[PDB]
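Asks: Quick one: structure below, then a few questions.
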Amino acid sequence: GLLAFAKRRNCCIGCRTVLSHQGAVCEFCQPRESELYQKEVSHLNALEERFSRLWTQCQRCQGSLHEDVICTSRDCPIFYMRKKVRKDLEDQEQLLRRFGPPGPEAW
Amino acid sequence: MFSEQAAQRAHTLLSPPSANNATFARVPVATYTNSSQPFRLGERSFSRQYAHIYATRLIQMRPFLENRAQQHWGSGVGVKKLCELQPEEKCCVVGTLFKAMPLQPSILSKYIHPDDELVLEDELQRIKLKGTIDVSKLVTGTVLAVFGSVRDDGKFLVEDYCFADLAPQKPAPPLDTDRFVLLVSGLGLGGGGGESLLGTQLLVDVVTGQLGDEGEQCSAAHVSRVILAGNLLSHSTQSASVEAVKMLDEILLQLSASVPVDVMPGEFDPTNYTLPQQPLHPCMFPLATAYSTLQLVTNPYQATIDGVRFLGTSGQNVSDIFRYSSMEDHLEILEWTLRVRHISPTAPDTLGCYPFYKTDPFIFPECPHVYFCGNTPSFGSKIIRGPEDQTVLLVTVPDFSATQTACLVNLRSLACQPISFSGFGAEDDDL
Amino acid sequence: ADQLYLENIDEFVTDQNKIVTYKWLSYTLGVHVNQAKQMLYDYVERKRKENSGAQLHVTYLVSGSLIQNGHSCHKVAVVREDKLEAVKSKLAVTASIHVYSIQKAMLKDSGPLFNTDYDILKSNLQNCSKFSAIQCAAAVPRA
Amino acid sequence: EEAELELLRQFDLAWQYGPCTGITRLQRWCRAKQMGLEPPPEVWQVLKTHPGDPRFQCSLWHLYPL
Ligand code: SF4
Ligand SMILES: [Zn+2]
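Chains as they are written, first to last, in the deposited numbering: chain A, 1001 to 1107; chain B, 1 to 108, 124 to 254, 271 to 462; chain C, 2 to 144; chain D, 42 to 107.
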């Protein structure tokens, strides 16, 4: 009920201080930013490796490589373990867009 | 080529001091164009499934294989869908392989086993395959045409089969004065020796213009570009990485002073895991981003360097094919990858990629003049011909941490020469 | 003129007991790189013609072409004082000879010859193309 | 309506336009048109006389935790 009326306060990635503006780093903890980018891209890297091992296992348990998967088997660990990594990746991809882009894209 | 011209003058340096010493200038790079835009991913939405990729791969690769099976087996054509086959009748089928291997790990060194089946699959159904076909040279994900008949046990008997082949290739303009290009891979900053340190120092000292006589300084001034291809920080164990980016920043500063440089992410480098790897973020390089001669690019990399067009990877497709096949020669695997018209056919089944849905971007749409690979254990180079007028130079770049070898590519004669660096070690010839 | 760098090298080498590469002796005295190699050859020729029995050890550099199995490679090596002529006779074409370093008491491997160049780079970071034979034009600090 | 909701349900299961349960309906219509397989000009003419309704502009199983 109340959960819809969010404010979505941003927070510093280094020391957890809520503040106005969208930049990821805090003004006291700004120098140590290359290390804080280094940290958490090795987490995105390990979530990417878990998405792909799971969503292609359903293709081999199903039989076909060219048509959709429909298997909501409640006794398979595969089901609902393939559902949460989509959201982990959704969240961890958006935390790294706090940092700018590493280049242009319209050239 | 290079070492021929490096002796073409007089030698001044075993002499007492002089009034003047010669200087030179770096040759201009008056044409360059990056055309690796299908690998730069701006939106990056997950939450699709991997079935949109196989369907567009088949739909795009089908007319090439029909048009080659016509002129390879005769225009009295018998091409037919997998469901409309009658028992014991001669026909041609165009489909996608699937290799059914045990010993491939599931969720809960080679991996080929003496028994494993091939299955030809289309969008609606599958069929098994036996006959005259290679069981261990082929991998899951190749699209091909095949000739034979449906037998009585439901299986299929194969007589001969054909691949897609090389794409068209427009000719390049010839050059006036020879320009060179240097290729290095796998420095391994973080661990791997001390002879690698003096090797890296001697390499940057030669290319920057600090070392050797006026022969070497005249010949290293003609090197137009530098390409560093993946695996810059070799890592011993993840769970070190913070102190290595400082030294990589210093080295890229000392190279960005004189030459233009292109830097590519590799197997261990701070980027994503899926195959169109995005460029490195500039916030890890404070010093080297002062100059506009340093560039950070995608792992898959195309370019047009002085008319000659380049395409390369950091050696992740070739070792993946090496895992699940029987071929050993990395130059042969690179040429085979060229022969089936796909940079990485084992994706996604054992090599992860992004879930595209509009068009598969690993199909070759044209033919490159040069086509290199990444972190291969030894040097190799070759020239191959097409059916039409298509010639391609194939280079495998060695790994600097063991061999200490780089490659020079001439842009007018189109040849490749190795360069090797070796300081003296703890060597005493009186024991 | 000559006595300036001759006395500077004679106090750097034999008194402070240091290891002098050409890049260290070009960042100390503000000299071109080739002129620094010529300076070191001048010093070693004078003090090896004077006495013949000094406490002096040299290391050179040899570069040039080679053919191992058909293919033409280009081999570059930093070599000691005993093994020069054999390395010169293994090669096919010769392309570069100069001097790399001198020592007081003999080392065991190529260890400290990287430490010296690295440390003298470490404090001198706004100039490395300053004494370089190649001066490009588009590389000036812009971004 | 109630006849336009079966035409879209028939466009969504024809195998000659693609394996589509992850994307929108108009994206799959334009994907087939690019490759030009044979999109019909009626599954377009109901996706223009409507606004952003989730029971026209969505795949059949856009619920359903698959
Ligand atoms: S969810 Fe589990 S049971 Fe269902 S297809 Fe995937 S692997 Fe098989
Ligand atoms: Zn903070």
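Ideal Cβ positions, reconstructed from N, Cα and C, are used throughout, including at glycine.
Here's the rule: buried if 16 or more other CB atoms are within 10 angstroms of the residue's CB, otherwise exposed. What is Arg-1009 (chain A)?
Replies: As a working mapping, residue 1009 (chain A) is identified with position 9 in the first sequence. Answer is exposed; the Cβ neighbour count stays below 16.
Asks: Alpha carbon to alpha carbon, how far is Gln-37 (chain B) from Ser-100 (chain D)?
Replies: For the purposes of this step, residue 37 (chain B) is identified with residue 37 of the second sequence, where counting begins at 1. For the purposes of this step, residue 100 (chain D) is identified with residue 59 of the fourth sequence, where counting begins at 1. Taking the straight line joining both Cα atoms gives about 30 Å.
Asks: Count the other CB atoms, across all protein chains shown, that sit within 10 Å of the CB of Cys-1061 (chain A); report buried if there are 16 or more and exposed otherwise.
Replies: As a first step, residue 1061 (chain A) must be located in the first sequence, where it is residue number 61. With fewer than 16 other Cβ atoms within 10 Å, it is exposed.
Asks: Measure the alpha-carbon distance for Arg-1053 (chain A) versus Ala-134 (chain C) and round it to whole angstroms.
Replies: For this step, residue 1053 (chain A) is matched to residue 53 along the first sequence. For this step, residue 134 (chain C) is matched to residue 133 along the third sequence. Answer to the nearest angstrom: the Cα atoms are 53 Å apart.
Asks: Could you tell me how far apart the beta carbons of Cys-404 (chain B) and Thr-344 (chain B) are, in whole angstroms, since I believe they sit closer than 8 Å?
Replies: Here residue 404 (chain B) refers to the residue found at position 373 when the second sequence is read from its first residue. Here residue 344 (chain B) refers to the residue found at position 313 when the second sequence is read from its first residue. 7 Å between Cβ atoms; contact.
Asks: Would you say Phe-1028 (chain A) touches ligand 2, meaning its beta carbon is less than 7 Å from a heavy atom?
Replies: Within the first sequence, the letter at position 28 stands for residue 1028 (chain A). Indeed, a heavy atom of ligand 2 lies less than 7 Å from the Cβ.
Asks: Taking contact to mean 3 or more Cβ pairs, one atom from each stretch, closer than 8 Å, check whether the segment 42 to 60 of chain D and the segment 293 to 303 of chain B are in contact.
Replies: Contact between the segment 42 to 60 of chain D and the segment 293 to 303 of chain B is absent, because fewer than three Cβ pairs lie under 8 Å.
Asks: Evaluate the contact criterion for the segment 307 to 319 of chain B versus the segment 348 to 355 of chain B: three or more CB pairs, one atom per stretch, below 8 Å.
Replies: Segments in contact, no.
Asks: For the beta strand (DSSP E) containing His-52 (chain B), name the first residue and the last one.
Replies: On the second sequence, position 52 is the one that residue 52 (chain B) refers to. Here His-52 (chain B) belongs to no beta strand (DSSP E); instead the alpha helix (DSSP H) covers 51 to 73.
Asks: Name the residue from A:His-1043, A:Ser-1042, A:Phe-1051, A:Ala-1046 whose alpha carbon lies nearest to the alpha carbon of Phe-46 (chain B).
Replies: In the second sequence, counting from the first residue as 1, residue 46 (chain B) sits at position 46. Nearest of A:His-1043, A:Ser-1042, A:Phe-1051, A:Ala-1046 to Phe-46 (chain B), Cα basis: A:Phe-1051.
Asks: The beta strand (DSSP E) with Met-278 (chain B) in it runs from where to where?
Replies: Against the second sequence, residue 278 (chain B) aligns to sequence position 247. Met-278 (chain B) -> not in any beta strand (DSSP E); alpha helix (DSSP H) instead, spanning 273 to 287.
Asks: When Cβ atoms are compared, which residues of the segment 56 to 87 of chain C fall closer than 9 Å to chain B?
Replies: Residues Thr-60, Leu-62, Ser-64, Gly-65, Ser-66, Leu-67, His-72, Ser-73, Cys-74, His-75, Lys-76, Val-77, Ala-78, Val-79, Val-80, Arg-81, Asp-83, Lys-84.
Asks: Going along chain A in order, which residues have a C-beta closer than 8 Å to the C-beta of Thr-305 (chain B)?
Replies: One-based indexing of the second sequence puts residue 305 (chain B) at position 274. Neighbours of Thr-305 (chain B) on chain A, chain order: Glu-1048, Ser-1052.
Asks: Does the Cβ-Cβ distance between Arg-49 (chain C) and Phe-455 (chain B) come in under 8 Å?
Replies: Locating residue 49 (chain C) in the third sequence gives position 48, where the first residue counts as 1. Locating residue 455 (chain B) in the second sequence gives position 424, where the first residue counts as 1. It is not a contact, given that the beta carbons lie outside the stated cut-off.
Asks: Are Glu-138 (chain B) and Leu-58 (chain B) close, meaning C-beta to C-beta below 8 Å?
Replies: Taking the first residue of the second sequence as position 1, residue 138 (chain B) is located at position 123. Taking the first residue of the second sequence as position 1, residue 58 (chain B) is located at position 58. Yes.
Asks: So, is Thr-215 (chain B) buried or exposed, given that buried needs 16 or more other C-beta atoms within 10 angstroms?
Replies: On the second sequence, residue 215 (chain B) is found 200 positions in, with the first residue counted as 1. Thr-215 (chain B) comes out buried.
Asks: How many Å lie between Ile-107 (chain B) and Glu-1048 (chain A) at the Cα?
Replies: As a working mapping, residue 107 (chain B) is identified with position 107 in the second sequence. As a working mapping, residue 1048 (chain A) is identified with position 48 in the first sequence. Near 15 Å, if we compare the C-alpha coordinates of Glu-1048 (chain A) and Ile-107 (chain B).
Asks: Quick one: is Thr-62 (chain D) near chain A, going by C-beta distance under 8 Å?
Replies: Indexing the fourth sequence from 1 puts residue 62 (chain D) at position 21. Interface residue, yes.
Asks: Can you tell me which of B:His-52, B:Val-79, B:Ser-75 puts its alpha carbon nearest to the alpha carbon of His-1066 (chain A)?
Replies: If you number the first sequence from 1, residue 1066 (chain A) lands on position 66. Measuring from the Cα of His-1066 (chain A), the nearest candidate turns out to be B:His-52.
Asks: Which class does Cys-129 (chain C) belong to by DSSP, given the choice of helix, strand or coil?
Replies: The count along the third sequence starts at 1 and reaches residue 129 (chain C) at position 128. Here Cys-129 (chain C) sits in coil by DSSP.
Asks: Could you tell me the distance, in whole angstroms, from the CA atom of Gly-78 (chain B) to the CA atom of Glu-66 (chain B)?
Replies: By 1-based counting over the second sequence, the position of residue 78 (chain B) is 78. By 1-based counting over the second sequence, the position of residue 66 (chain B) is 66. Whole-angstrom Cα-Cα distance: 10 Å.
Asks: Taking 7 Å as the line, does the beta carbon of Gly-1023 (chain A) fall inside it for any heavy atom of ligand 2?
Replies: As a position in the first sequence, residue 1023 (chain A) is number 23, starting the count at 1. Checking every heavy atom of ligand 2 against the Cβ of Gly-1023 (chain A), none is found closer than 7 Å.
Asks: When you compare the CB of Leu-311 (chain B) with every CB in chain C, is at least one pair closer than 8 Å?
Replies: Position 280 of the second sequence, counting from 1, holds the residue named residue 311 (chain B). Chain C contact via Cβ: absent.
Asks: Taking only beta-carbon atoms, is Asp-1068 (chain A) less than 8 Å away from chain B?
Replies: In the first sequence, counting from the first residue as 1, residue 1068 (chain A) sits at position 68. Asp-1068 (chain A) counts as touching chain B.
Asks: Using a Cβ cut-off of 8 Å (strictly closer), state whether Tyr-42 (chain C) contacts chain B.
Replies: Within the third sequence, numbered from 1, the residue matching residue 42 (chain C) stands at position 41. Yes, its Cβ sits closer than 8 Å to a Cβ of chain B.
Asks: In its own chain, which residues sit with a C-beta less than 7 Å from the C-beta of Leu-78 (chain D), not counting the 5 before and 5 after it?
Replies: Locating residue 78 (chain D) in the fourth sequence gives position 37, where the first residue counts as 1. Closer than 7 Å at the Cβ level, and outside the excluded window around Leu-78 (chain D), lie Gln-57, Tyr-58.
Asks: Could you tell me which uninterrupted beta strand (DSSP E) segments, each at least 3 residues in length, are contained entirely in the segment 43 to 76 of chain C, listed from first to last along the chain?
Replies: Entirely contained in the segment 43 to 76 of chain C, the beta strand (DSSP E) runs reaching 3 residues are, in chain order, 58 to 68.
Asks: At 7 Å on the CB atoms, spell out the chain C contacts of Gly-230 (chain B), in chain order.
Replies: Residue 230 (chain B) sits at position 215 when you count from the first residue of the second sequence. The answer, in chain order, is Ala-96, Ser-97.
Asks: Quick one: using the 10 Å Cβ neighbour count with 16 as the cut-off for buried, is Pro-28 (chain B) buried or exposed?
Replies: Walking along the second sequence from the start, residue 28 (chain B) turns up at place 28. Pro-28 (chain B) comes out exposed.
Asks: Give me the subset of the segment 311 to 334 of chain B whose CB atoms are less than 7 Å from a CB atom of chain C, sorted by chain position.
Replies: Listed by position, the residues of the segment 311 to 334 of chain B near chain C (Cβ gap below 7 Å) are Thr-320, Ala-321, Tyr-322, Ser-323, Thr-324.
Asks: Let me see if you follow: with CB-CB separation under 8 Å, is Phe-13 (chain C) close to chain B or not?
Replies: Within the third sequence, residue 13 (chain C) is the residue found at index 12, counting from 1. Not an interface residue.
Asks: Please check if any C-beta of chain A sits within less than 8 Å of the C-beta of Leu-107 (chain D).
Replies: Here residue 107 (chain D) is taken as the residue at index 66 of the fourth sequence, counted from 1. For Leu-107 (chain D), the answer is yes, since a Cβ of chain A falls inside 8 Å of its Cβ.
Asks: Closer than 7 Å by beta-carbon distance: list the chain D residues that pair up with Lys-1084 (chain A), in chain order.
Replies: In the first sequence, counting from the first residue as 1, residue 1084 (chain A) sits at position 84. By Cβ distance, chain D contributes nothing, its closest Cβ being about 11 Å from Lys-1084 (chain A), past 7 Å.
Asks: Which residue from C:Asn-116, C:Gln-127, C:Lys-105 puts its Cα closest to that of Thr-15 (chain C)?
Replies: On the third sequence, residue 15 (chain C) is found 14 positions in, with the first residue counted as 1. Taking only the C-alpha atoms, the option nearest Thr-15 (chain C) is C:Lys-105.
Asks: Return the chain-ordered list of same chain residues with a C-beta closer than 7 Å to the C-beta of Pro-1101 (chain A), the five sequence neighbours on each side being excluded.
Replies: By 1-based counting over the first sequence, the position of residue 1101 (chain A) is 101. If we look at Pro-1101 (chain A) and ignore the five residues flanking it on each side, it has no Cβ neighbours.
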